Ligand SMILES: Cc1cc2nc3c(=O)[nH]c(=O)nc-3n(C[C@H](O)[C@H](O)[C@H](O)COP(=O)(O)O)c2cc1C
Ligand code: SF4
Ligand code: SF4
Ligand code: SF4
Ligand code: SF4
Ligand code: FES
Ligand code: FES
Ligand SMILES: [Mg+2]
């Protein structure tokens, strides 16, 4: 259960799991997540910018 | 007092079974088209009073006072046409009385349409007949043509100065369009989905005009009541349940048939007399559905002493419905039969409103799992709750009628469901 | 139970807006007779009869036929499509010469209706929703057809064949494929809904006019 | 990222009355522009109008 | 006689029997009422 | 003249022909709704606005039921709450789990009314329904598995835009809203179907996936594209 450095995971097929739903951005107490998204070349709902400020995050 | 053993001299629907000529000459040989001009001269108020005294109730499902409905439509004109719509979309699984009336007593039907139109002050009568009954519709058209040629309908009908038109509208296959407001919508060339009340059809009906929707049997027995009294009709039956009724006995019975009897004949005597009884005897009876798929089922204990009557079946947590008696013997899968009924209601659902649409699909899936036992005993109460959520929250009565058989099955055969679930659990855990 | 038929239209060479369809002059006379059965300003009420007539003439309802009906009645093609997809008696897909429709509801299921369906499937060598290779027979299941007391029964081009047994339905199929038209009605010796054993009612001649006429009436 | 130099960018205050808001703004010294409240006007809804005999309100579908 | 089925006229009907009968009935009809407009879309 | 009705025991004078929903609006109560739009006609099919009258044993559709003289409307009664919970249960039972990938997201009426009037748990143990997506042009993106068959777009299309190319095809649970053919719903008033659709069935294609309702700041301005001054 230890929480340390952040990471973005992938599906076993290699596709990114994130669907640009911004729930993490909405729920972040420190407002350390910045998300900007647009449809991908194949029409998938995927992120273009996903930033985390580790000097602002409270882990 | 006891009821039953109706006499042929008192049976309204003569020429049933089609053993005599159904043409205009054959009908006129019987009492059809007799003193109809005198009835029309007596006029609307007298006919409405006669119907109210006879105490006739609706023969096409829900039992409402036909005199009361026609009095509702007896309001003064406001510059709009007036229509009587005769419902002949006999989509109820078990009902054939309207088919027999149309195919064998078309002139009785036409005379009843004329009398009802005069009573309501209606210019036209649209007989909406279901599309599968092509030969019945053709016979009805032949009878209407004969009536027009003889002058019994049209302008100055029966030489009384009252203009009246009779049209036949053939629908497509839609048990939902059998319903009155859906019937009206289907006549207007639309999809045929039920309307909301208010406005009631007596105020805004087909084409936006005052219309009254009446059943084939009701309109067909109207002129017999007019020619006769209605003290007689009240004498046949109980105090608030008067007249004769057409019962279609079908299922696991020796002689499936359609018969006419009194409105309070006991079910056991009816089955044992007019149909030859259950195939394996009365001790082999399992359940009886007395009013088609819409009404719930009753077990043998209730069927032993019960009268085929509106109030009598209401007190038995059932309804008379269309007096369609489906018999199931001990060697049948009651769960599978009720599941087939629920699947029928799923297919015959207009899909307009959320409770019936989604809930009937949900109940179909639940029953399909139940018939093989792939469920848990805690799901029976869930099915009961969702059936109660469907009932009373829908636009039309199809949603209510799709939950009553489920409620009856859960109420009278819960041990069967639990035993099947236990058997399935034993079978699967053995792997 | 899924219907298996889609409610969307994909243009195909055999079914497209350019598919030729037009009513014959006799059918135009029939249409003009049907239209004036309804009040003026309510021509849209004839959509169902006109669509039924088009289906009777053509054998099924192409999108071009729906468009022609919409043009004739001056109603939106979307409304015509709604009607056609809602009502199940309209064939939006080509069907065989004979459209067998076996009732499979509970009043018919209590009697051996599954036997009738199985006999039909064995006789024709087709499934429950397919068509014979020679485009002669189509087989479907349907709900109650209103002939419950004569169960089991099938409908073949608006003709009821009632009180059927597997042998009877096989004979009917053989007669149909030979070229003849079998006589509709019960096949168990009955003529109508009367009980098979014998008439328990209406055994005496009907009374004539003015039997129990009220005093004043 | 999105930078700013306006301290009062995210400052939104809630008042129960236009008069209260005006008084607060006046006593704090800022300029103010007031927008009158817009409430929807009453509408006559009738389900029976969808099936009119001679009017255009009749619906072609449900 | 009550032993013969008299409804045998229906083993002759064809595809257009109903519509032909409807066409025949057109002569006996009566003028239909009008709404004052050609269509609700007018 | 005005007739007197009662909402939760509070008297209110309403003009004849006023519906239960409008009477509750006058007294300050907003009855939940999915198919009722004040600018469109009355449909009365979503069944979400069912309320209980004090002496009537049957719930009535508030959006379509005119009030009578001396009617007491119990908006927050047990029967009304149970009816709302049942209707919400049906809607969510057939709805798909697409909220994170749905542009409606945090501004969905199904979500808000589920959180305020529906239950917090699901008894649906069966399979859900999947519907083929249509194509009605480069402006409106249709994911019709999320449609709740409320017929707002059909009524809007016909009545407002004068275009009658939308409708319902089929019947039963398989009833689908669409054109039935590959026809583009192209009109000068086409984005309003994006607005009035209570669910994510119809969404803006240019705006797809870009943002979420809680992030955006709203600035009230006027339109300069034409001379109407919208
Ligand atoms: C042939 C027939 C089929 C009917 N089917 C339905 C149905 O599917 N659903 C329903 O709610 N009512 C159904 N009804 C009842 C009608 O809604 C309505 O109550 C009836 O036609 C009125 O006739 P009555 O006054 O003679 O009873 C049916 C009635 C008839 C005659
Ligand atoms: S936006 Fe955040 S919460 Fe949503 S899928 Fe991506 S990482 Fe997960
Ligand atoms: S209860 Fe069912 S059949 Fe009746 S209006 Fe609602 S969806 Fe249609
Ligand atoms: S329409 Fe609403 S409830 Fe449905 S997936 Fe989108 S946000 Fe969720
Ligand atoms: S697409 Fe949207 S507006 Fe149209 S019926 Fe479906 S939920 Fe309603
Ligand atoms: S149940 Fe088969 S004809 Fe009625
Ligand atoms: S808001 Fe009234 S039924 Fe939909
Ligand atoms: Mg939307």
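Observations
- In region C:66-78, the residue that is nearest to the other protein chains (Cβ to nearest Cβ) out of those that are out of contact with any strand residue (DSSP E or B) (no Cβ under 6 Å at 6 or more places or on another chain), assigned to a helix (DSSP H, G or I) and crowded, with 23+ Cβ neighbours inside 10 Å is C:66.
- A count restricted to region F:165-175 and to residues that are in a loop (DSSP other than H, G, I, E, B), in contact with a strand residue (DSSP E or B) (Cβ under 8 Å, 6 or more places away or on another chain) and without any contact (Cβ under 8 Å) to a residue 12 or more places away in the chain stands at 1.
- Condition broken by residue F:80, with the remaining ones in (1) within 10 Å of another protein chain (Cβ to nearest Cβ); (2) outside any loop (DSSP other than H, G, I, E, B) satisfied: (1)
- Checked across region D:27-42, the condition of being under 30 Å from residue B:78 (Cβ atoms) and assigned to a loop (DSSP other than H, G, I, E, B) holds for at least one residue.
- Residue in region A:7-19 that is away from every other protein chain (no Cβ under 11 Å), surrounded by 11 or more Cβ atoms within 10 Å (Cβ to Cβ) and part of a loop (DSSP other than H, G, I, E, B) present: no
- Which numbered condition residue B:357 misses (of (1) touching a residue at least 12 places away in the same chain (Cβ under 8 Å); (2) closer than 30 Å to residue C:85 by Cβ; (3) buried (at least 20 other Cβ atoms within 10 Å of the Cβ)): (1)
- Enumeration of residues in region B:66-86 that are within 16 Å of ligand 1 (Cβ to nearest atom) and touching a helix residue (DSSP H, G or I) at 6+ places or on another chain (Cβ under 7 Å): B:66, B:67, B:70, B:71, B:73, B:74, B:83, B:84, B:85, B:86
- Counting only residues that are out of contact with any helix residue (DSSP H, G or I) (no Cβ under 9 Å at 6 or more places or on another chain), away from chain D (no Cβ under 14 Å) and under 19 Å from residue F:155 (Cβ atoms), region F:18-56 holds 0 of them.
- Residue match in region B:102-112 (condition: surrounded by fewer than 24 Cβ atoms within 10 Å (Cβ to Cβ) and within 24 Å of residue B:229 (Cβ to Cβ)): no
- Qualifying residue in region B:218-228 (condition: without any contact (Cβ under 8 Å) to a residue 12 or more places away in the chain and more than 14 Å from chain D (Cβ to nearest Cβ)): yes
- Listed conditions (1) surrounded by 21 or more Cβ atoms within 10 Å (Cβ to Cβ); (2) in contact (Cβ under 8 Å) with a residue 40 or more places away in the chain; (3) out of contact with any strand residue (DSSP E or B) (no Cβ under 9 Å at 6 or more places or on another chain); (4) farther than 28 Å from residue A:47 by Cα are all met by residue F:178, apart from (3).
- Hits in region E:17-42 (condition: within 30 Å of residue D:49 (Cβ to Cβ) and in a loop (DSSP other than H, G, I, E, B)): E:30, E:31, E:32, E:33, E:35, E:36, E:37, E:38, E:39, E:40, E:41, E:42
- Residue list for region B:22-31, restricted to those being within 11 Å of chain C (Cβ to nearest Cβ) and out of contact with any helix residue (DSSP H, G or I) (no Cβ under 6 Å at 6 or more places or on another chain): B:26, B:28, B:29, B:30, B:31
- Picking from residues in region F:191-212 that are in a loop (DSSP other than H, G, I, E, B) and away from chain A (no Cβ under 14 Å), the one that is farthest from ligand 7 (Cβ to nearest atom) is F:201.
- Failed item in (1) assigned to a loop (DSSP other than H, G, I, E, B); (2) touching a strand residue (DSSP E or B) at 6+ places or on another chain (Cβ under 7 Å); (3) crowded, with 22+ Cβ neighbours inside 10 Å, with residue F:52 passing the rest: (1)
- Wholly enclosed strands (runs of 3 or more DSSP E) of region C:101-198 bearing at least 1 residues more than 16 Å from the chain's Cα centre (by Cα): none
- Segments classed as helices (runs of 4 or more DSSP H), wholly inside region B:150-268, with at least 2 members that are farther than 21 Å from residue B:69 by Cα and out of contact with any helix residue (DSSP H, G or I) (no Cβ under 7 Å at 6 or more places or on another chain): B:231-235
- Scanning region F:83-121 for residues that are over 25 Å from residue F:52 (Cα atoms) and either more than 9 Å from every other protein chain (Cβ to nearest Cβ) or in contact (Cβ under 8 Å) with a residue 12 or more places away in the chain (or both) yields a count of 13.
- The number of residues in region F:128-164 being in a loop (DSSP other than H, G, I, E, B), surrounded by fewer than 23 Cβ atoms within 10 Å (Cβ to Cβ) and in contact with a helix residue (DSSP H, G or I) (Cβ under 8 Å, 6 or more places away or on another chain) comes to 10.
- For the residues F:67, F:59, F:87, the requirement of being touching a helix residue (DSSP H, G or I) at 6+ places or on another chain (Cβ under 8 Å) and within 15 Å of ligand 5 (Cβ to nearest atom) singles out F:87.
- Flag for residue B:392 being away from ligand 6 (no atom under 16 Å from the Cβ), facing chain F (nearest Cβ under 7 Å), free of Cβ contacts under 8 Å to residues at least 12 places away in the same chain and farther than 19 Å from residue B:291 by Cα: yes
- Test for residue B:184: is it more than 9 Å from every other protein chain (Cβ to nearest Cβ) and on the phi < 0 side of the Ramachandran plot: no
- Test: residue in region B:66-79 that is within 12 Å of chain C (Cβ to nearest Cβ) and buried (at least 24 other Cβ atoms within 10 Å of the Cβ): no
- Residues satisfying the stated conditions in region C:194-210, i.e. crowded, with 20+ Cβ neighbours inside 10 Å and either away from chain E (no Cβ under 12 Å) or within 18 Å of residue C:112 (Cα to Cα) (or both): C:195
- Check on residue E:14, in contact with a helix residue (DSSP H, G or I) (Cβ under 9 Å, 6 or more places away or on another chain) and either facing chain C (nearest Cβ under 7 Å) or outside any loop (DSSP other than H, G, I, E, B) (or both): no
- Selected residue (criterion: farthest from the other protein chains (Cβ to nearest Cβ)) from residues of region C:15-65 that are touching a residue at least 40 places away in the same chain (Cβ under 8 Å) and touching a strand residue (DSSP E or B) at 6+ places or on another chain (Cβ under 7 Å): C:62
So basically every Cβ, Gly included, is an ideal-geometry build from the backbone, and we count neighbours across all protein chains shown. Each value in this text was obtained by applying a stated rule to the coordinates, not by laboratory testing.
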